[PDB]
K.L.:
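The structure under discussion is supplied below as structure tokens; questions concerning it will follow.
Here is how names work: the chains are called A, B, and so on, in the same order as the sequence lines, proteins then strands, and each is numbered from 1.
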Amino acid sequence: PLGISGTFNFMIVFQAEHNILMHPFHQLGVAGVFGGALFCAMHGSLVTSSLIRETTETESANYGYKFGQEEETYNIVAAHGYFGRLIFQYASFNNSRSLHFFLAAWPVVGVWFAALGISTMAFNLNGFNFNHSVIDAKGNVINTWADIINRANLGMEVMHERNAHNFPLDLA
Amino acid sequence: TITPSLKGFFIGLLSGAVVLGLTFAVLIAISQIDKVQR
Amino acid sequence: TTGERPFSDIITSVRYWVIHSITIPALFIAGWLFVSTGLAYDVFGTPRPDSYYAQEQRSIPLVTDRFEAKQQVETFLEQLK
Amino acid sequence: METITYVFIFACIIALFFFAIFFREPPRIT
Amino acid sequence: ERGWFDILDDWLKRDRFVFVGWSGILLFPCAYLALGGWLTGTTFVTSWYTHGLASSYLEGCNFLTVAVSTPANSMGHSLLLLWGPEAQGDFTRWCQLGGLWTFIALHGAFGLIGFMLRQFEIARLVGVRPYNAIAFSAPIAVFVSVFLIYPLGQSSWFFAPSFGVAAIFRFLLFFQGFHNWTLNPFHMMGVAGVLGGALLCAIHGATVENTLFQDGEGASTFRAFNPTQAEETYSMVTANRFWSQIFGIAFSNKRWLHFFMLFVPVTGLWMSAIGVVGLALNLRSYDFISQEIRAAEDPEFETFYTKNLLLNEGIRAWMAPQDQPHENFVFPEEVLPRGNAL
Amino acid sequence: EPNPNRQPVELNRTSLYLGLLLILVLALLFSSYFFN
Amino acid sequence: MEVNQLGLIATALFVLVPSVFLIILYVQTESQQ
Amino acid sequence: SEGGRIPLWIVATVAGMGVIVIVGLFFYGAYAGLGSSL
Amino acid sequence: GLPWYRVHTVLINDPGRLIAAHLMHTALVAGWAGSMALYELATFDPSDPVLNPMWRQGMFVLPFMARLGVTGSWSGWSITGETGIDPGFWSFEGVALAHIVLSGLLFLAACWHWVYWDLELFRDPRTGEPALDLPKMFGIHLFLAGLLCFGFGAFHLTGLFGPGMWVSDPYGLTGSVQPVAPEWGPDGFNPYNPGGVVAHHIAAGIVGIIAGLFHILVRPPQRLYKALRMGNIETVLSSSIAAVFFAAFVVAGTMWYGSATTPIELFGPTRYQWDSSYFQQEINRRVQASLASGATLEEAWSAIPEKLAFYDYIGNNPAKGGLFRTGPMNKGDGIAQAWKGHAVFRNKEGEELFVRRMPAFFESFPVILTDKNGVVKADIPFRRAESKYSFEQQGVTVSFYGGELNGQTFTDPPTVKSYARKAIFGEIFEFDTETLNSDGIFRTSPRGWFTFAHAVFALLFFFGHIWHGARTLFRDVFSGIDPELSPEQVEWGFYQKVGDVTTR
Amino acid sequence: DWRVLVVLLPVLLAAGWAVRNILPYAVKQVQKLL
Amino acid sequence: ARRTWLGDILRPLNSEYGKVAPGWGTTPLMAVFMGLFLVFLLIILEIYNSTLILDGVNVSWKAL
Amino acid sequence: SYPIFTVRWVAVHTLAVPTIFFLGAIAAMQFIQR
Ligand code: CLA
Ligand code: CLA
Ligand code: CLA
Ligand SMILES: C=Cc1c(C)c2cc3nc(c4c5[nH]c(cc6nc(cc1[nH]2)C(C)=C6CC)c(C)c5C(=O)[C@@H]4C(=O)OC)[C@@H](CCC(=O)OC/C=C(\C)CCC[C@H](C)CCC[C@H](C)CCCC(C)C)[C@@H]3C
Ligand SMILES: CC(C)=CCC/C(C)=C/CC/C(C)=C/CC/C(C)=C/CC/C(C)=C/CC/C(C)=C/CC/C(C)=C/CC/C(C)=C/CC/C(C)=C/CC1=CC(=O)C(C)=C(C)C1=O
Ligand SMILES: CCCCCCCCCCCCCCCC(=O)OC[C@H](COP(=O)(O)OC[C@@H](O)CO)OC(=O)CCCCCCCCCCCCCCC
Ligand SMILES: CC1=C(/C=C/C(C)=C/C=C/C(C)=C/C=C/C=C(C)/C=C/C=C(C)/C=C/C2=C(C)CCCC2(C)C)C(C)(C)CCC1
Ligand SMILES: CC1=C(/C=C/C(C)=C/C=C/C(C)=C/C=C/C=C(C)/C=C/C=C(C)/C=C/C2=C(C)CCCC2(C)C)C(C)(C)CCC1
Ligand SMILES: CCCCCCCCCCCCO[C@@H]1O[C@H](CO)[C@@H](O[C@H]2O[C@H](CO)[C@@H](O)[C@H](O)[C@H]2O)[C@H](O)[C@H]1O
Ligand SMILES: CCCCCCCS[C@@H]1O[C@H](CO)[C@@H](O)[C@H](O)[C@H]1O
Ligand SMILES: [Ca+2]
Ligand SMILES: [Cl-]
Ligand SMILES: [Cl-]
Ligand SMILES: [Fe+2]
Ligand SMILES: [Mg+2]
């Protein structure tokens, strides 16, 4: 639906019918956007951390950059020197071109997988199903967290579109 | 009265003191052996 | 560079692999035996497939007291015959 | 009342888009 | 004065492969124990006595279903120290009672403090501004609000998130059914900050890579960059014109752009943390009172708001008995809410 | 007796647009909850 | 609909007071030399 | 002794294959024994 | 010019105008307290301290005046229900008036200190530059704080020269303001021992007196002065903010869990007294004692105080509210008028059944009735076509003991189901829902609102400490990094010790 | 408990085998740092 | 700068800007009090938490 | 030329030693039957 609560309705019913949280493509999608936001604050904080001093303390440091200037406005070597020591040297970029490529590629690829998760659950290839996967020696079902997810999904399934189903299986 | 949990409290205090003590003991030792050149 | 020997140097050296062709399988086998002897179950208190329930009961042995929790589990463990 | 409020706020935002695009500070190279 | 303190300081701050520092005394044990406790628990430890769940590789769970689960609700907010009055020094009992959960959460909290002190420490030695540390306050606000404040407002640690993939998914669905958390405007702001952060990440990366100056002859453009070159490697002017004509507006100040990239995800995480602080007290954005008054009186009035509450009602009734075993909910079939046929 | 610590204050035009957009969007978000 | 009627003045002051603040600062920046 | 003897590409290949062996064993386990639902 | 988010930095080097700004802030806060108390006095209903106490009415500052001994009005009532009292000047109105007058005096002082900012006192006698000796200021202010802390505990709380503080029984039935003696044993550290509160202020006050004298007489070590930048006033802001968010988390926790300084008659019950059926257990015990002593069911329950029954109701649980459900609790379920009495349910066999109470987590809850062994005996079904436990099938009736419905029994299914729906909330009350146009949806109490605001503020002030601490320790690079930063300082190996050029 | 000895024994032999192959250089490294 | 009667009285109290004690001074004594304070906070925390249970200290409203 | 026992050596092995032990434990679990 084209609305805010209609979006939530779509997401809730999607979980009931395809177990999207347990699909690896939605999981890659979450890595895409959690990673994208991490690297966004990351790149933002490093570049801001190594701005070359060009201003007094009473002005915004943003005036130290002039639109169209030829020279870079921060010291990438100092940024590399800080972040390489935060982790280790070879976990830090020193090539700005490949750094900015990684920034481009990580969220874009993750969101491609997210879109492909929706597109392939459209044809009912659903998330992993571990309902009653763990069985004891006698054959008692031992519940896992997957079975608790299933209980929540059953509640969404039995209430959604409450007047729309006449037959026991909600096949589409 | 020293309840079981107050005894347990003292055991926690001693354990952590021992852990911090050996850690700094080892660290001071090594820093004295491998000094920087100035 | 920070002075330590490069990793590519070390892992292509015969001496590295003489040492680690023993230490790596030995650790792997120690891990296997920790499970195969059943010792993992008893260190951590994890049920075996035959010790989740008593033969005819279907109720969880759920801890319900804070300061007698240790005795409750011990009581649950007795009732497995 | 509440419908008027929602639409009024919305309409202000569309007006703000107009001024931000066409009456922006021009970027000037130096 | 070059006493023992200054000599220790010398050794802690040596330029080695893994920088240590004074912060490392806190950071390294706590991070290592939090990670070691999570791998130990997910590999070997059960949740049978606290939740009625299997939860380790040893019991047959896989990477998606293992967890270190929260303690039993009867533990309250107990620290669950190994030497405390519940486990009484018994390591095995401690594991069965959920002691690994507070172990991970508390060593994790102090490890995160240590990582932020490390960001400050290294920044001061290299001589950079400490904005990376300031940005890391947002992950700390999230961890503290979700894993500590939220259960502390509730009845016990049991209702905190458990440390596992599927256990966290259960946590998301619990928050929809019980708190209607999608409706909460503080979550909404968090979503905007996370998705806007992902967007800024993709667009700035793609913009740099497609306004590059030709500074080499190869078809691979990565080599045509030198870390000490003084020139911008891409054209801010061409980038500005492209977006002005595609989108209407564009960045013109490269320093503002990169501060904005800090600002947006960090502010978003901070807002979501505030809303979870409210959920600790059940101070939810659950309802719109005006919608409920109309719907109570007018059985033809239906919106997507009212549709979603019915879904929440299903979640609560169908998941509560298994999800809250200490409550001993017995809900006969005839009281379960269900639509027609299903 | 003029105080030497006075300083002029600035708000440029892009900051005004940014600020107004933030306030209007926050109002558009929170108004529904104010009316409830 | 039975909305809270304070919602109106709450929304109006929410927009107006900070918007007016920003306009004062901007206009007196333009009027500087 | 001296680093250089065993070529890195052979180290990489042998290590890669051990990863594939151990990960295949875990996927095998999803269909047998505990957690197989059988 | 200055960006908008920096306008207040013009005070950093101007102690006189800093004092003026701090005077103006104090005047605003004092005026808020006076005007909030007047608004509360104009809306407060004092006529029923049993079923309409202040915490049902959205009162936020009234409980704080009552906590320390202000309990009466010049118009002749008190919050404990007495009439014809004379509180003297320090009534609720006299306290509000005093805060208003203080606000105006501080406003005038702020104007003086703003105009006459160039006072010789603020200049360093050797250099003539503006300068504040922060280390000696700390010992002076800590010394004054210690004296005030000590006098608060020794004179006000003890009743030596002062009214004492609010104290009550474990069930919040008989609270009043009482002089309180210090507890000097280990129970003084029990949060529920009011005696520990007195002891704390006497003992910590003395310690602060001593520590204050120390900090006046002993200068800081050179090593701590450089490391903490004790010449930079912004280091005081950073550590002051850290102490303040520490305190804010503590008062949020003690408000939520309860303590001797957050009594239930002033702020309402806690959520945990519902979780653990704290009041329901006490009610049952009293009914047993009567039943064991020969009284009838009707006499046992009619002897239960209405105030105690009202605590055993989920509508007074502060974990039942909503973020945008505004106003007093009375705006939700109504103004409580009377206990209806204890509902006893029975089936056709005459077995007693017990309604399963609503846990605080659930906005809604099904209606389920068990026998004493927790076996389901009756419910309100959703799908009727395979109901086996309906009230109709099981012949469920309800009888009331105590309260206004005492001695009555109802047998028609619709009326019985009506009271069973109410019984999931605990004891059942009659409410006036018309006076306030109450909407029937639960709101939280001042305990809930206090806790939420202070946890949120505590968390945000953590960011303030990080920000101002960063600005203190990194002042030299606030505008940017050195334009001549040598690549050797940041590349690996050149120095043995990171950032130390003497270790090349 | 014999299973404790069964588990630690492969680890103990691995410690002693690595010490055999490294002790000449180990003593040489400790000597240089003195 | 403007002199006042009250300013003259308080002058000695704002005259030692920047005066320090050599070296580490009283730092080691400060560290002792910090560590004692840490154990104090731990005691009162664990009592409230019921991790530390003492005789005759009943952490409950039932202590009035 | 290079040392053998450094901080890097310790950091590597505190991670790598338990990892291998755990991998052998989890490998053995793939043959447990109920
Ligand atoms: C160095 C970093 C570090 C930090 C910050 C922590 C922090 C913590 N640990 Mg962890 N731990 C660590 C390293 C660390 N640990 C290491 C290296 C190990 C491996 C041995 C462990 C193994 C471990 C276990 C098994 C447990 C913890 C637990 C805890 C928690 C409770 C600690 C406590 O109460 O001690 C209190 C002790 C102190 C504060 C020591 C201070 C001593 C003072 C300053 C000096 C005065 C003492 C005096 C000299 C002695 C008087 C005694 C006398 C009166 C008898 C706390 C989160 C517990 C937990 O997680 O609960 C779930 C727990 O059960 N830790
Ligand atoms: C610690 C602060 C505090 C607390 C805990 C209380 C508590 C209370 N007040 Mg009081 N009050 C306060 C301060 C406080 N007050 C102040 C400063 C004033 C002067 C304005 C008042 C004036 C006042 C009046 C006039 C009334 C109350 C009433 C009440 C009661 C009902 C509360 C309610 O419905 O709130 C509802 C709370 C909300 C709807 C929360 C709002 C959340 C905000 C809007 C979020 C803003 C988001 C922001 C824009 C995001 C920025 C993002 C950006 C950074 C990017 C409750 C007992 C009422 C009462 O019952 O009296 C008997 C009443 O009539 N108060
Ligand atoms: C005792 C508390 C205290 C004091 C005396 C100061 C003082 C200062 N702050 Mg700090 N700060 C604090 C707490 C404090 N701060 C807290 C809790 C935070 C986290 C939110 C911060 C985060 C912070 C940042 C990010 C910055 C400062 C900056 C500053 C400096 C300039 C501020 C300015 O001109 O704002 C002008 C503000 C306005 C003109 C309008 C702001 C209106 C706000 C957002 C909403 C209205 C609030 C309402 C009126 C009052 C609510 C009170 C609340 C406590 C309930 C000044 C030294 C700035 C600086 O470092 O300059 C170099 C700066 O960038 N502060
Ligand atoms: C789930 C999402 C998520 C993860 C997994 C994550 C992870 C990380 N973020 C880091 C950094 C950052 N994240 C940042 C902004 C963000 N980060 C984001 C969200 C995430 N960030 C988002 C959305 C933002 C936008 C604001 C910044 C600005 C930084 C950094 O500067 C820092 C970095 O260096 O990045 C490259 C690194 C800190 C390393 C460390 O603390 O070591 C120490 C390890 C410790 C202290 C152990 C912590 C223990 C934790 C708290 C509990 C235990 C967890 C278990 C072991 C595992 C549980 C797994 C189950 C839940 C499935 C680490 C890679
Ligand atoms: C008893 C005990 C233990 C006592 C200890 C006491 C003591 C003294 C100990 C010291 C001894 C010691 C070292 C012990 C070690 C023990 C031990 C092993 C501890 C380990 C703890 C541990 C494993 C922690 C794990 C932490 C962890 C998971 C880190 C992950 C890091 C990681 C995945 C990084 C990859 C992410 C990455 C490369 C992101 C970059 C993407 C990005 C956009 C970057 C932005 C960016 C990059 C640039 O590059 C530059 C340029 C700019 C512009 C820029 O935008
Ligand atoms: C080669 C296979 C790639 C498949 C996916 C595509 C990834 C790259 C597309 C991202 C678009 C971002 C916006 C444009 C950003 C942009 O402008 O790109 C610019 C960047 C450099 O451009 P150049 O012109 O220098 O080089 C590209 C061509 O011109 C040939 O040199 O492009 C590349 O680096 C191509 C990389 C190909 C090899 C990448 C392989 C990656 C596979 C990694 C495995 C992923 C599996 C994940 C499992 C979870
Ligand atoms: C808790 C505790 C403790 C500790 C312990 C520890 C510290 C441990 C450690 C542990 C550890 C440290 C472990 C480890 C493990 C590891 C593992 C288990 C791994 C695995 C891996 C894998 C399986 C992989 C996979 C993959 C991926 C992920 C991607 C790439 C590809 C591949 C496929 C390769 C103590 C005693 C103190 C005390 C008590 C408690
Ligand atoms: C001059 C004078 C006088 C007078 C005075 C007066 C009359 C005063 C008044 C005063 C006042 C009358 C004051 C008031 C104040 C108030 C305030 C200051 C408030 C504030 C508020 C706020 C700040 C809020 C906020 C918020 C909101 C709005 C929403 C929600 C959230 C929050 C809470 C954030 C006299 C005769 C005495 C004498 C001398 C002279
Ligand atoms: C109801 C909501 C209302 C919110 C209230 C908002 C109040 C905000 C007040 C903003 C006041 C700004 O204060 C204003 O600052 C400017 C510079 O910035 C000062 O201006 C000064 O500097 C400028 C700039 O060189 C000189 O040209 C000028 O001659 C000098 O006076 C003004 O003398 C002062 O009037
Ligand atoms: C069918 C209505 C008559 C049966 C008794 C109803 C339960 S009791 C009823 O509950 C109302 C809230 O719903 C209160 O406002 C009112 O005071 C009270 O009498
Ligand atoms: Ca079998
Ligand atoms: Cl639906
Ligand atoms: Cl159908
Ligand atoms: Fe960039
Ligand atoms: Mg298997």
K.L.:
Quick one: closest heavy-atom pair of E/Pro161 and E/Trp101, and the distance?
P.N.:
O-NE1, 3.1 Å

K.L.:
Report yes if the side chains of L/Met29 and E/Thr43 come closer than 4.5 Å at any heavy-atom pair, otherwise no.
P.N.:
yes

K.L.:
With distance as the sole test, does E/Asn62 use its side chain to make a donor-acceptor pair with the main-chain N or O of E/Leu64 at under 3.5 Å?
P.N.:
yes

K.L.:
Should the heavy atoms of other residues, nucleotides or ligands under 6.0 Å from CD of E/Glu333 be counted, would the total exceed 12?
P.N.:
no

K.L.:
When you compare the side chain of K/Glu46 with that of E/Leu81, does any pair of heavy atoms fall below 4.5 Å?
P.N.:
yes

K.L.:
Walk me through whether E/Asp323 and A/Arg151 qualify under salt bridge (charged side-chain N to carboxylate O under 4.0 Å, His left out).
P.N.:
CA-CA 9 Å; E/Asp323 188 65; A/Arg151 294 302 300 179; over 6 Å; no

K.L.:
Sequence neighbours excluded, which residues qualify as salt bridge (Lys or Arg N to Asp or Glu O under 4.0 Å) partners of I/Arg285?
P.N.:
I/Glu282

K.L.:
Using modelled atom types and a 3.5 Å cut-off, is there a donor and acceptor pairing between side-chain atoms of A/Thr144 and backbone atoms of A/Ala146?
P.N.:
yes

K.L.:
Taking all non-hydrogen atoms of both residues, which atom of E/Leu152 and which atom of I/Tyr257 are closest, and how far apart?
P.N.:
O-OH, 2.7 Å

K.L.:
Is it true that I/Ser364 and E/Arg316 share a donor-acceptor pair across their side chains at a distance under 3.5 Å?
P.N.:
yes

K.L.:
Whether C/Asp42 and C/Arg48 form a salt bridge (side-chain N of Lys/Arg under 4.0 Å from carboxylate O of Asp/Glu) is what I want to check.
P.N.:
yes

K.L.:
Under 4.5 Å between any side-chain heavy atoms of E/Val144 and E/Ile149, yes or no?
P.N.:
yes

K.L.:
Indicate yes or no for a side-chain donor-acceptor contact from I/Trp274 to the backbone of I/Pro318 under 3.5 Å, with no hydrogens or angles considered.
P.N.:
no

K.L.:
Under 3.5 Å, is there a donor-acceptor pair between the side chain of H/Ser37 and the main chain of A/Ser133?
P.N.:
no

K.L.:
Looking at every non-hydrogen atom in both residues, tell me the closest pair between E/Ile315 and E/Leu173 and how far apart they are.
P.N.:
CG2-O, 4.0 Å

K.L.:
If you count every heavy atom of other residues, nucleotides or ligands that lies below 6.0 Å from I/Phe345 atom CZ, does the total exceed 12?
P.N.:
yes

K.L.:
What's the verdict on side-chain contact (heavy atoms from CB on, under 4.5 Å) for I/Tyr313 and I/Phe279, showing C-alpha distance, side-chain angles and the deciding distance?
P.N.:
CA-CA 9 Å; I/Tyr313 161 64; I/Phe279 300 103; over 6 Å; no

K.L.:
Any donor and acceptor pair, going by atom type alone, linking the side chain of B/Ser5 with main-chain N or O of E/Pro85 inside 3.5 Å?
P.N.:
no

K.L.:
E/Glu59 side chain to E/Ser55 main-chain N or O, any donor-acceptor pair under 3.5 Å?
P.N.:
yes

K.L.:
List the atom pairs, with distances to 0.1 Å, where a side-chain N or O of residues 51-64 of chain K and a protein N or O form a donor-acceptor pair under 3.5 Å, not counting sequence neighbours.
P.N.:
from    : atom 1 : to      : atom 2 : distance (Å)
K/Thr51 : OG1    : K/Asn49 : OD1    : 2.7
K/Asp55 : OD2    : B/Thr1  : OG1    : 3.1
K/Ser60 : OG     : K/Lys62 : N      : 3.0

K.L.:
Going through the distances and angles, do I/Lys320 and E/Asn282 end up as a side-chain contact (heavy atoms from CB on, under 4.5 Å)?
P.N.:
CA-CA 7 Å; I/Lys320 286 299 302 183; E/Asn282 290 339; 6.0 Å; no

K.L.:
Within a strict 4.5 Å, meaning less than it, do heavy atoms of the B/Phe10 and B/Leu6 side chains meet?
P.N.:
yes

K.L.:
Is there a donor-acceptor pair under 3.5 Å between the side chain of E/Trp157 and the backbone N or O of E/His77?
P.N.:
yes

K.L.:
Is the closest side-chain heavy-atom distance between I/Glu427 and I/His342 below 4.5 Å?
P.N.:
yes

K.L.:
Is a salt bridge present between E/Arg93 and C/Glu74, judged by a nitrogen-to-oxygen distance below 4.0 Å?
P.N.:
yes

K.L.:
Over 60° means perpendicular and under 30° means parallel, so tell me whether E/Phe329 and E/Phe331 are parallel, tilted or perpendicular.
P.N.:
parallel

K.L.:
Would I/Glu363 and E/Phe178 satisfy side-chain contact (heavy atoms from CB on, under 4.5 Å), going step by step from the backbone distance to the final call?
P.N.:
CA-CA 7 Å; I/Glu363 288 294 327; E/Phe178 289 80; over 6 Å; no

K.L.:
Counting only heavy atoms from other residues, nucleotides and ligands, does the tally under 6.0 Å from CD of I/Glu351 exceed 12?
P.N.:
yes

K.L.:
I would like to know whether A/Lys138 and A/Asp136 meet salt bridge (charged side-chain N to carboxylate O under 4.0 Å, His left out); could you show each step before the answer?
P.N.:
CA-CA 6 Å; A/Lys138 189 186 180 179; A/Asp136 82 351; over 6 Å; no

K.L.:
Would you check, one step at a time, whether the test side-chain hydrogen bond (donor to acceptor under 3.5 Å, both in side chains) holds for H/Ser36 with L/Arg34?
P.N.:
CA-CA 10 Å; H/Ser36 74; L/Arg34 74 188 176 87; over 6 Å; no

K.L.:
Between E/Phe44 and L/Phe22, is the ring centre distance below 6.0 Å?
P.N.:
yes

K.L.:
With a 4.0 Å cut-off on N to O distance, would you call I/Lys372 and I/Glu352 a salt bridge?
P.N.:
no

K.L.:
For E/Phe174 and E/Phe159, take the angle between the two ring planes, folded into 0 to 90°, and tell me which bin it lands in: parallel under 30, tilted 30 to 60, perpendicular over 60.
P.N.:
tilted

K.L.:
Does E/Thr40 reach the main-chain N or O of E/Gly36 with its side chain, forming a donor-acceptor pair under 3.5 Å?
P.N.:
yes

K.L.:
Is a donor from one side chain sitting under 3.5 angstrom from an acceptor on the other, for I/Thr254 and I/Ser259?
P.N.:
no

K.L.:
Have C/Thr64 and C/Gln72 got a donor and an acceptor in their side chains that come within less than 3.5 Å?
P.N.:
yes

K.L.:
Can the ring centroids of E/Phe171 and A/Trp145 be said to lie less than 6.0 angstrom from one another?
P.N.:
no

K.L.:
Taking the inter-plane angle between the rings of E/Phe163 and E/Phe147 on a 0 to 90° scale, is it parallel (under 30°), tilted (30 to 60°) or perpendicular (over 60°)?
P.N.:
parallel

K.L.:
Show your working on side-chain contact (heavy atoms from CB on, under 4.5 Å) between E/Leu97 and E/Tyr49 and close with a plain yes or no.
P.N.:
CA-CA 7 Å; E/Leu97 290 185; E/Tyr49 305 103; 5.7 Å; no

K.L.:
Any salt bridge linking I/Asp379 with I/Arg356? Criterion: basic side-chain nitrogen under 4.0 Å from a carboxylate oxygen.
P.N.:
no

K.L.:
Testing the basics here: between I/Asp371 and I/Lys377, what is the closest heavy-atom pair and its distance to 0.1 Å?
P.N.:
OD2-CE, 3.4 Å

K.L.:
Can you name the closest pair of heavy atoms from E/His51 and E/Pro325 and give their distance?
P.N.:
O-CG, 3.8 Å

K.L.:
Under a 3.5 Å distance rule, please check whether I/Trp256 uses its side chain to pair with a backbone N or O of E/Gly153 as donor and acceptor.
P.N.:
yes

K.L.:
In this structure, are over 12 heavy atoms from other groups packed under 6.0 Å from E/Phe110 atom CZ?
P.N.:
no

K.L.:
Evaluate the side-chain proximity of K/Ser50 to C/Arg66: yes if any heavy-atom separation is below 4.5 Å, no if none is.
P.N.:
yes

K.L.:
Looking just at side-chain N and O atoms, do C/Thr37 and J/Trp2 make a donor-acceptor pair shorter than 3.5 Å?
P.N.:
no

K.L.:
Atom CG of I/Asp275 and atom CZ of I/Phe361: how far apart are they, to the nearest 0.5 Å?
P.N.:
9.5 Å

K.L.:
Specify the closest pair of heavy atoms between E/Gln154 and I/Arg271, including all atoms of both residues, with the distance to one decimal.
P.N.:
OE1-NH1, 3.1 Å

K.L.:
Side chains of C/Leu39 and J/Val6: does their closest heavy-atom pair fall under 4.5 Å?
P.N.:
no

K.L.:
For C/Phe34 and L/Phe21, take the angle between the two ring planes, folded into 0 to 90°, and tell me which bin it lands in: parallel under 30, tilted 30 to 60, perpendicular over 60.
P.N.:
tilted

K.L.:
When you measure from the side chain of C/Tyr52 to the backbone of A/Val141, do you find a donor-acceptor pair of N or O atoms at a distance under 3.5 Å?
P.N.:
no

K.L.:
Which of parallel (below 30°), tilted (30 to 60°) and perpendicular (above 60°) describes E/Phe175 and E/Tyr150?
P.N.:
tilted

K.L.:
For residues I/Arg357 and I/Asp312, determine if any side-chain heavy atom of one lies less than 4.5 Å from a side-chain heavy atom of the other.
P.N.:
yes

K.L.:
Between I/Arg447 and I/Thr270, do the side chains contain an N or O donor and an N or O acceptor separated by less than 3.5 Å?
P.N.:
no

